Amino acid sequence: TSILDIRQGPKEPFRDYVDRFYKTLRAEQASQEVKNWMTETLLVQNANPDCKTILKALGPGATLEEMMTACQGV
Amino acid sequence: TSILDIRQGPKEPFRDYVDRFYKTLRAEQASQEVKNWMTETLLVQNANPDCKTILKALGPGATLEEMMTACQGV
Amino acid sequence: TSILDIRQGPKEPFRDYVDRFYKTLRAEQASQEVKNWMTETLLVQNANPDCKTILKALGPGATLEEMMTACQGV
Amino acid sequence: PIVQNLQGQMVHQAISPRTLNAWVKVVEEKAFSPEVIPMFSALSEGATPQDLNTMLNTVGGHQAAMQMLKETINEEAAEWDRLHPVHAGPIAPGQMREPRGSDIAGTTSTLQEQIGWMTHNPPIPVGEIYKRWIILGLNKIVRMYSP
Amino acid sequence: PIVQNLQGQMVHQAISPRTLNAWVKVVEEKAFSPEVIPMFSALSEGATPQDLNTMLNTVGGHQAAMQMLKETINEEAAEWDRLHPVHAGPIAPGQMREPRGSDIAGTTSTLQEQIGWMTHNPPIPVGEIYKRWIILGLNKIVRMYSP
Amino acid sequence: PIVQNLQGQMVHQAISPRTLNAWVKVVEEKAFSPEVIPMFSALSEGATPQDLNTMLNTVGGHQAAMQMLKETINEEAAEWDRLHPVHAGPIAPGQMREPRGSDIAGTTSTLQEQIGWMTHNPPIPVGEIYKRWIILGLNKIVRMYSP
């Protein structure tokens, strides 16, 4: 399965999705800079509308514990 | 789950509750003095009315074997 | 079972067939040159019509990752 | 790990498969539970950075946590470099170089280099510095993964 | 493998059955998963080419992959021979011969020859050259076997 | 087997029960599969003829194959005797006797005799001669037992 095919379900906790992401990211062998680009970009983009909304409110500069606690009720 | 969310059921033996308390207390990393404060305070406070009543009669200075044998029939 | 008796099913993925081939090829003890001849020849020949068609389009010079990704939807 | 031989010197010996597997099994069974930290600590006795990356890299599953840890290890490493600046002028022929955050993380150093630092007199405890970062990052995880 | 003895010399010792079986079991359980590569790397510590063919030859199953690897090992070996030409004139009596791709693959060399190269001064890391080919070929496999 | 002791001499030591059992278990699980031959080869490292009959005699099951092997071992042994005739005149007091097919098969020789031949200078590799017969006979079996 390709990294672009990794997406969050409509009922799937973000948490279970983030695990899937760094597992597939774990099978990507690209430069770190590209993998940083993938992190800030693709993760949020394939996140579900309800959490996506939430993550837009965190702004930039956000870290994984704060994202992970931010989308917990969703 | 947070330590404040740990409470004793209306039919739950105290014993099963005290186990839950020092497990969650086991995941708190606070200074010992604060954790002593939590011990004497929160444990009794979230204890059920029937045992709570019992524990009020033990007075202060009480130790865990005496609390644990005190609320056994409840 | 003989190497000539190794053939791809009408619904069998190529992949499962290629595994069978190099297992049976693994029990053939012939010179490397003969085993090279068997590789380019017998594998495609006993491949199913739908994939066989696919493999004819790869042309010669093809390697196993490209054959294996080429007949994946079949 | 680097262990003491019968002769009375410190030499490197490899870690054992049923030690490896015991590390695996702990993680399988008790996931993020606190008992993992003393357990880790015992099984990390006399261990190298190199062996510590081996243990972290051999994890399967819990990839959100594994990434959070990585990022904690790099933060703690960035902090090592900040707090301890590089030293004055060129490196002496008679001496061996001071470590950076990435040598502590095992990344920029070789094994023989990791053995130089630890076995040499005075010795420097680059295991114990990484160990605190691991334990600190373990607290972060434990606190988050509490429900 | 070639290990250091108590006396302080490098001598060959055989690999252990529960090490062998641990290699088998990894492959059984985690097939093409990435954790196989650090795992391999740890269990290949101090290993010979001869021991590395033993490990590859003792696989059962996944024969398409095993063939892809073989063919990668030969390509990487062909490339070794290309990049490093044979040296000028006859081999000296006082010296031992330079390796080829097939000596690195263990094929044309004997064990005592593999011990000569590694134990001698300077030593040549024919394990680590094969190891990269194995890891490179492991990447090829992992990338293909991703679904 | 005949192993090297710490003192720096070659001495006989007995084979281990979980080695024995590992031989048993291989045969139980993988029967006539090709992985049996490298596996055999590793577990036969430094082994005597006597230990090799022990391993063959301790098999249960697959008695048609066990008989085919026996008969291959005797054929290969008959061939040893054919190719290598007995030598001229009486055996020297200062020397030890040349082996026959049956000494290689372990049958007519004693352990101390098997240790004389292997430990002596030049050494003779009676294990490796039996080993080829076993591997050859293993090919016969594998080829037949292919379906």
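Residues numbered from 1 in each chain as written, not as in the entry; some residues may be left out. Chains lettered and ligands numbered in written order. Part of a larger assembly, values for the part shown. Heavy atoms only, no water. Residues with missing side-chain atoms left out of burial classes, pairs and counts.

- Per the PDB entry, chain D carries the name Gag protein and comes from Human immunodeficiency virus 1.
- Its PDB record names the entry "The structure of the mature HIV-1 CA hexameric lattice with curvature parameters: tilt=23, twist=-6".

- Under the PDB entry, the name given to chain A is Gag protein, and the source organism is Human immunodeficiency virus 1.

1. Examining the overall build of chain A
Point 1. Looking only at helices and strands, one finds 4 helices and 0 strands in chain A.
Point 2. Traced from its N-terminal end to its C-terminal end, chain A shows the element sequence α-α-α-α.
Point 3. Relative to its length of 74 residues, chain A is compact, with a C-alpha radius of gyration of 12 Å against a globular reference of 11 Å.
Point 4. Each principal axis of the C-alpha distribution contributes one length, and for chain A these read about 35 × 25 × 15 Å. (Helix = DSSP H or I, 4+ residues; strand = E, 2+ residues; numbered from the N terminus. Rg over C-alpha atoms; globule rule 2.2 N^0.38 Å.)

2. Concerning the overall build of chain D
Point 1. Helix and strand content of chain D: 7 helices and 2 strands.
Point 2. Written out in order from the N terminus, the α and β elements of chain D read β-β-α-α-α-α-α-α-α.

3. Focus on unusual backbone geometry
All names here are of chain E.
Point 1. Here the residue pair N121 and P122 is connected by a cis peptide bond, since its omega of -10 degrees sits within 30 degrees of zero.
Point 2. Tracing the sequence through the fold places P122 in the loop between α6 (111–119) and α7 (126–145).
Point 3. At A31, a position not held by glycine, the phi torsion is positive, near 45 degrees.
Point 4. Within the secondary structure, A31 sits in the loop between α1 (17–30) and α2 (36–43).

4. Some details on the arrangement of the chains
Point 1. Between chain A and chain B there is no contact, and the shortest C-alpha to C-alpha separation is 12 Å.
Point 2. There is a clear gap between chain D and chain F: no contact, and 14 Å between their nearest C-alpha atoms. (Contact = heavy atoms within 4.5 Å.)

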